[PDB]
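> Sharing a structure, written as structure tokens. Questions coming.
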Amino acid sequence: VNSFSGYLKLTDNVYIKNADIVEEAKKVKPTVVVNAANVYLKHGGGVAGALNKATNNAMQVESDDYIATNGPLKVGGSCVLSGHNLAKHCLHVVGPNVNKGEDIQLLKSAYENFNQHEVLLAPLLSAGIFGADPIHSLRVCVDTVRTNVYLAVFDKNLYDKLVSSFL
Ligand SMILES: CCc1c[nH]c2ncnc(NCC(C)(C)CC(F)(F)F)c12
Ligand SMILES: [Cl-]
């Protein structure tokens with residue numbers, strides 16, 4: 001039993017809700033919140049900009065030190081950093097950004113990072129400003145993630161379409 005509330009169950013392990021991931025993280029304080037990161041951990045907009053803003057830019061400060069030490073992530077890769085005031089940990093995961101021309105096949109690799117964590121609060125990878133089809137991203141999530149994932153979909157219209165079109 002966990003503290004996530006109001007989710008619709010899609011499969012044995014995948015759950016979904018119309019929610020602002022920022023507000024959801026603040027309420028649940030999950031062990032892991034997933035960020036829709038880029039390789040430079042520059043948290044400018046989309047989910048990343050919103051999460052960082054909620055940390056009062058502490059996520060960005062920590063991220064800049066991470067990059068200065070380690071260099072950029074790989075597309076499809078991830079790193080674990082602090083969750084600040086939102087969660088114990090933040091798993092920064094880089095899905096491909098279609099608006100940069102990146103290979104959509106890397107979306108599966110991106111979701112594989114979730115399997116290293118038993119329970120996660122997450123957005124749909126590569127959706128929103130990353131330019132992928134959110135319906136496809138959900139299909140890849142369900143077919144790749146085996147651990148327990150609670151998906152937050154900000155857009156109510158999109159949430160309804162995701163549920164109504166789910167196979
Ligand atoms: C600023 C963005 C954002 C803040 N809080 C969030 N929580 C969840 N998902 C988010 N964005 C991903 C979507 C849901 C695919 C974006 C889209 F497609 F609907 F426009 C956000
Ligand atoms: Cl977005």
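Ligands are numbered from 1 in the order shown, residues from 1 within each chain, and chains are lettered A, B, ... in the order they appear in the structure tokens.
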Near region 20-24 of chain A, counting only C-alpha atoms, which residues have an atom at most 9 Å away, once you skip same-chain residues fewer than 4 positions from it, shown as a PyMOL selection string?

chain A and resi 4+28-30+33+47+50-51+54+86+121-123+151-155

> Which neighbours of region 130-138 of chain A fall inside 8 Å, counting only C-alpha atoms, when residues of the same chain fewer than 4 positions from it are skipped, and could you give them as a PyMOL selection string?

chain A and resi 95-99+104+107+124-126+142+162+165-166

> Could you save those same residues with N, CA and C atoms as a PDB file, in the first residue's frame?


ATOM      1  N   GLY A  95      14.591  11.570 -22.357  1.00  0.00           N
ATOM      2  CA  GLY A  95      13.955  11.019 -23.525  1.00  0.00           C
ATOM      3  C   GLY A  95      14.424  11.762 -24.761  1.00  0.00           C
ATOM      4  N   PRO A  96      14.279  11.154 -25.935  1.00  0.00           N
ATOM      5  CA  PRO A  96      14.610  11.874 -27.169  1.00  0.00           C
ATOM      6  C   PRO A  96      13.690  13.069 -27.378  1.00  0.00           C
ATOM      7  N   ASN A  97      14.275  14.169 -27.847  1.00  0.00           N
ATOM      8  CA  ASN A  97      13.533  15.377 -28.189  1.00  0.00           C
ATOM      9  C   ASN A  97      13.354  15.402 -29.705  1.00  0.00           C
ATOM     10  N   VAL A  98      12.128  15.102 -30.150  1.00  0.00           N
ATOM     11  CA  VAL A  98      11.820  15.054 -31.577  1.00  0.00           C
ATOM     12  C   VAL A  98      12.120  16.395 -32.236  1.00  0.00           C
ATOM     13  N   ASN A  99      11.891  17.489 -31.514  1.00  0.00           N
ATOM     14  CA  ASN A  99      12.190  18.806 -32.062  1.00  0.00           C
ATOM     15  C   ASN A  99      13.692  19.073 -32.182  1.00  0.00           C
ATOM     16  N   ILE A 104      13.472   8.247 -31.992  1.00  0.00           N
ATOM     17  CA  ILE A 104      12.392   7.887 -31.081  1.00  0.00           C
ATOM     18  C   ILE A 104      12.600   6.513 -30.470  1.00  0.00           C
ATOM     19  N   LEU A 107      13.378   6.109 -26.856  1.00  0.00           N
ATOM     20  CA  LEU A 107      12.389   6.247 -25.798  1.00  0.00           C
ATOM     21  C   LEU A 107      12.328   4.996 -24.931  1.00  0.00           C
ATOM     22  N   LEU A 124       5.017  11.492 -18.743  1.00  0.00           N
ATOM     23  CA  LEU A 124       5.240  10.749 -19.974  1.00  0.00           C
ATOM     24  C   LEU A 124       6.488  11.265 -20.677  1.00  0.00           C
ATOM     25  N   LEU A 125       7.475  10.392 -20.833  1.00  0.00           N
ATOM     26  CA  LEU A 125       8.739  10.787 -21.435  1.00  0.00           C
ATOM     27  C   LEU A 125       8.547  11.181 -22.891  1.00  0.00           C
ATOM     28  N   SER A 126       9.274  12.215 -23.294  1.00  0.00           N
ATOM     29  CA  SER A 126       9.308  12.763 -24.642  1.00  0.00           C
ATOM     30  C   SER A 126       8.000  13.429 -25.055  1.00  0.00           C
ATOM     31  N   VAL A 142       4.197   1.352 -20.781  1.00  0.00           N
ATOM     32  CA  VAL A 142       3.531   0.141 -20.321  1.00  0.00           C
ATOM     33  C   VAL A 142       4.303  -1.097 -20.743  1.00  0.00           C
ATOM     34  N   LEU A 162      -5.743   9.936 -23.494  1.00  0.00           N
ATOM     35  CA  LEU A 162      -4.853   8.816 -23.187  1.00  0.00           C
ATOM     36  C   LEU A 162      -5.636   7.632 -22.636  1.00  0.00           C
ATOM     37  N   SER A 165      -8.092   6.027 -25.355  1.00  0.00           N
ATOM     38  CA  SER A 165      -7.435   5.344 -26.459  1.00  0.00           C
ATOM     39  C   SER A 165      -6.534   4.202 -26.011  1.00  0.00           C
ATOM     40  N   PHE A 166      -6.481   3.897 -24.716  1.00  0.00           N
ATOM     41  CA  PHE A 166      -5.547   2.892 -24.224  1.00  0.00           C
ATOM     42  C   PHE A 166      -6.022   1.485 -24.560  1.00  0.00           C
TER      43      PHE A 166
END

> As an MDAnalysis selection string, please: all residues of chain A that backbone DSSP puts in strand (DSSP E or B).

chainID A and resid 8:9 14:18 32:36 78:82 89:93 119:122 148:153

> So which residues touch residue 42 (chain A) within 12 Å, counting only C-alpha atoms, skipping near sequence neighbours fewer than 5 positions away, as a PyMOL selection string?

chain A and resi 35-37+47-52+57+59-67+72-73+92+94

> Limited to C-alpha atoms, could you put the picked residues into a file as a PDB file, in the first residue's frame?


ATOM      1  CA  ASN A  35      12.232  14.754 -14.359  1.00  0.00           C
ATOM      2  CA  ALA A  36      11.896  15.136 -18.130  1.00  0.00           C
ATOM      3  CA  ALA A  37      15.536  16.194 -18.396  1.00  0.00           C
ATOM      4  CA  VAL A  47       8.144  19.554 -16.664  1.00  0.00           C
ATOM      5  CA  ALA A  48      11.798  20.328 -15.891  1.00  0.00           C
ATOM      6  CA  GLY A  49      11.279  24.072 -15.728  1.00  0.00           C
ATOM      7  CA  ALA A  50       8.262  23.599 -13.463  1.00  0.00           C
ATOM      8  CA  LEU A  51      10.000  21.160 -11.100  1.00  0.00           C
ATOM      9  CA  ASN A  52      13.071  23.370 -10.872  1.00  0.00           C
ATOM     10  CA  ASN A  57      16.295  26.877  -8.464  1.00  0.00           C
ATOM     11  CA  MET A  59      17.625  21.690  -8.637  1.00  0.00           C
ATOM     12  CA  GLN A  60      19.438  23.797 -11.248  1.00  0.00           C
ATOM     13  CA  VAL A  61      22.303  24.668  -8.879  1.00  0.00           C
ATOM     14  CA  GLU A  62      22.810  20.997  -8.019  1.00  0.00           C
ATOM     15  CA  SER A  63      22.531  20.036 -11.689  1.00  0.00           C
ATOM     16  CA  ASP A  64      25.159  22.556 -12.790  1.00  0.00           C
ATOM     17  CA  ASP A  65      27.625  21.045 -10.325  1.00  0.00           C
ATOM     18  CA  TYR A  66      26.739  17.555 -11.590  1.00  0.00           C
ATOM     19  CA  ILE A  67      27.450  18.543 -15.214  1.00  0.00           C
ATOM     20  CA  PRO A  72      26.348  15.651 -20.184  1.00  0.00           C
ATOM     21  CA  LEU A  73      24.047  12.684 -19.933  1.00  0.00           C
ATOM     22  CA  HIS A  92      16.550  12.888 -14.295  1.00  0.00           C
ATOM     23  CA  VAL A  94      16.527  12.082 -20.981  1.00  0.00           C
TER      24      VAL A  94
END

> For ligand 2, collect every residue having any atom at a distance of at most 6 Å from a ligand atom (counting only C-alpha atoms and all ligand atoms); output as a ChimeraX atom specification.

/A:46-47,128-129

> Hey, can you spit out that residue selection with C-alpha atoms as a PDB file, in the first residue's frame?


ATOM      1  CA  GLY A  46       8.133  21.917 -19.611  1.00  0.00           C
ATOM      2  CA  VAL A  47       8.144  19.554 -16.664  1.00  0.00           C
ATOM      3  CA  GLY A 128       4.992  17.937 -24.287  1.00  0.00           C
ATOM      4  CA  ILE A 129       7.785  20.145 -25.605  1.00  0.00           C
TER       5      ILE A 129
END

> Can you list, as a VMD selection string, all residues belonging to region 49-83 of chain A that DSSP tags as alpha helix (DSSP H)?

chain A and resid 49 to 54 58 to 70

> Write out the residues from the selection above, keeping N, CA and C atoms, as a PDB file, in the first residue's frame.


ATOM      1  N   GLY A  49      11.347  22.700 -16.188  1.00  0.00           N
ATOM      2  CA  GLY A  49      11.279  24.072 -15.728  1.00  0.00           C
ATOM      3  C   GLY A  49      10.350  24.225 -14.542  1.00  0.00           C
ATOM      4  N   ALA A  50       9.221  23.510 -14.559  1.00  0.00           N
ATOM      5  CA  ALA A  50       8.262  23.599 -13.463  1.00  0.00           C
ATOM      6  C   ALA A  50       8.810  22.971 -12.183  1.00  0.00           C
ATOM      7  N   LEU A  51       9.413  21.783 -12.286  1.00  0.00           N
ATOM      8  CA  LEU A  51      10.000  21.160 -11.100  1.00  0.00           C
ATOM      9  C   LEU A  51      11.091  22.047 -10.516  1.00  0.00           C
ATOM     10  N   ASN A  52      11.985  22.542 -11.369  1.00  0.00           N
ATOM     11  CA  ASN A  52      13.071  23.370 -10.872  1.00  0.00           C
ATOM     12  C   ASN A  52      12.540  24.627 -10.183  1.00  0.00           C
ATOM     13  N   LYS A  53      11.550  25.279 -10.800  1.00  0.00           N
ATOM     14  CA  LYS A  53      10.960  26.474 -10.211  1.00  0.00           C
ATOM     15  C   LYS A  53      10.444  26.182  -8.808  1.00  0.00           C
ATOM     16  N   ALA A  54       9.815  25.017  -8.626  1.00  0.00           N
ATOM     17  CA  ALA A  54       9.262  24.656  -7.326  1.00  0.00           C
ATOM     18  C   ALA A  54      10.351  24.443  -6.276  1.00  0.00           C
ATOM     19  N   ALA A  58      17.096  25.360  -6.674  1.00  0.00           N
ATOM     20  CA  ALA A  58      18.094  24.478  -6.078  1.00  0.00           C
ATOM     21  C   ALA A  58      18.391  23.281  -6.973  1.00  0.00           C
ATOM     22  N   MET A  59      17.386  22.768  -7.685  1.00  0.00           N
ATOM     23  CA  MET A  59      17.625  21.690  -8.637  1.00  0.00           C
ATOM     24  C   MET A  59      18.639  22.111  -9.699  1.00  0.00           C
ATOM     25  N   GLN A  60      18.502  23.328 -10.230  1.00  0.00           N
ATOM     26  CA  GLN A  60      19.438  23.797 -11.248  1.00  0.00           C
ATOM     27  C   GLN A  60      20.850  23.942 -10.691  1.00  0.00           C
ATOM     28  N   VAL A  61      20.985  24.497  -9.483  1.00  0.00           N
ATOM     29  CA  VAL A  61      22.303  24.668  -8.879  1.00  0.00           C
ATOM     30  C   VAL A  61      22.992  23.316  -8.715  1.00  0.00           C
ATOM     31  N   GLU A  62      22.264  22.336  -8.183  1.00  0.00           N
ATOM     32  CA  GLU A  62      22.810  20.997  -8.019  1.00  0.00           C
ATOM     33  C   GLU A  62      23.181  20.394  -9.367  1.00  0.00           C
ATOM     34  N   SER A  63      22.312  20.592 -10.359  1.00  0.00           N
ATOM     35  CA  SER A  63      22.531  20.036 -11.689  1.00  0.00           C
ATOM     36  C   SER A  63      23.764  20.628 -12.349  1.00  0.00           C
ATOM     37  N   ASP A  64      23.996  21.930 -12.172  1.00  0.00           N
ATOM     38  CA  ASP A  64      25.159  22.556 -12.790  1.00  0.00           C
ATOM     39  C   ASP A  64      26.447  21.976 -12.222  1.00  0.00           C
ATOM     40  N   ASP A  65      26.470  21.708 -10.916  1.00  0.00           N
ATOM     41  CA  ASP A  65      27.625  21.045 -10.325  1.00  0.00           C
ATOM     42  C   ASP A  65      27.783  19.629 -10.868  1.00  0.00           C
ATOM     43  N   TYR A  66      26.669  18.901 -11.023  1.00  0.00           N
ATOM     44  CA  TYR A  66      26.739  17.555 -11.590  1.00  0.00           C
ATOM     45  C   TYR A  66      27.375  17.570 -12.979  1.00  0.00           C
ATOM     46  N   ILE A  67      26.926  18.481 -13.849  1.00  0.00           N
ATOM     47  CA  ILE A  67      27.450  18.543 -15.214  1.00  0.00           C
ATOM     48  C   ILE A  67      28.913  18.974 -15.221  1.00  0.00           C
ATOM     49  N   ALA A  68      29.270  19.936 -14.374  1.00  0.00           N
ATOM     50  CA  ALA A  68      30.659  20.373 -14.323  1.00  0.00           C
ATOM     51  C   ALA A  68      31.587  19.222 -13.966  1.00  0.00           C
ATOM     52  N   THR A  69      31.111  18.287 -13.145  1.00  0.00           N
ATOM     53  CA  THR A  69      31.928  17.154 -12.725  1.00  0.00           C
ATOM     54  C   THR A  69      31.904  16.019 -13.739  1.00  0.00           C
ATOM     55  N   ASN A  70      30.727  15.713 -14.291  1.00  0.00           N
ATOM     56  CA  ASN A  70      30.499  14.472 -15.016  1.00  0.00           C
ATOM     57  C   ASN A  70      30.273  14.640 -16.507  1.00  0.00           C
TER      58      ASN A  70
END

> Excluding residue 91 (chain A) and residues on its chain fewer than 4 positions from it, collect all residues at most 7 Å away from it, counting only C-alpha atoms, and give them as a PyMOL selection string.

chain A and resi 32-35+78-81

> List the spatial neighbours of residue 145 (chain A) as a ChimeraX atom specification - criterion: any atom at most 12 Å away, only C-alpha atoms, same-chain residues fewer than 5 positions off excluded.

/A:11-15,107-120,122,124-125,137-140,150-151

> Could you tell me how far CA of residue 157 (chain A) lies from atom 19 (F, counted along the ligand's line) of ligand 1, in Å and to one decimal?

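Separating CA of residue 157 (chain A) from atom 19 (F, counted along the ligand's line) of ligand 1 is a distance of 8.2 Å.
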
> Taking only C-alpha atoms and all ligand atoms into account, name the residue in A:101, A:27, A:84, A:159 that is nearest to ligand 1.

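Comparing A:101, A:27, A:84, A:159 against ligand 1, the winner is A:159.
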
> Using only C-alpha atoms, which residue out of A:127, A:167, A:75, A:158 lies closest to residue 40 (chain A)?

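Using only C-alpha atoms, residue 40 (chain A) sits closest to A:75.
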
> Distance CA of residue 149 (chain A)-atom 18 (F, counted along the ligand's line) of ligand 1, one decimal place?

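The value is 18.1 Å.
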
> Taking into account only C-alpha atoms and all ligand atoms, which residue in the set A:141, A:106, A:39, A:25 is nearest to ligand 1?

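Residue with the minimum atom-to-atom distance to ligand 1: A:25.
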
> Considering only C-alpha atoms and all ligand atoms, state which residue in the set A:18, A:3, A:10, A:82 is at the smallest distance from ligand 1.

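Counting only C-alpha atoms and all ligand atoms, the residue closest to ligand 1 is A:18.
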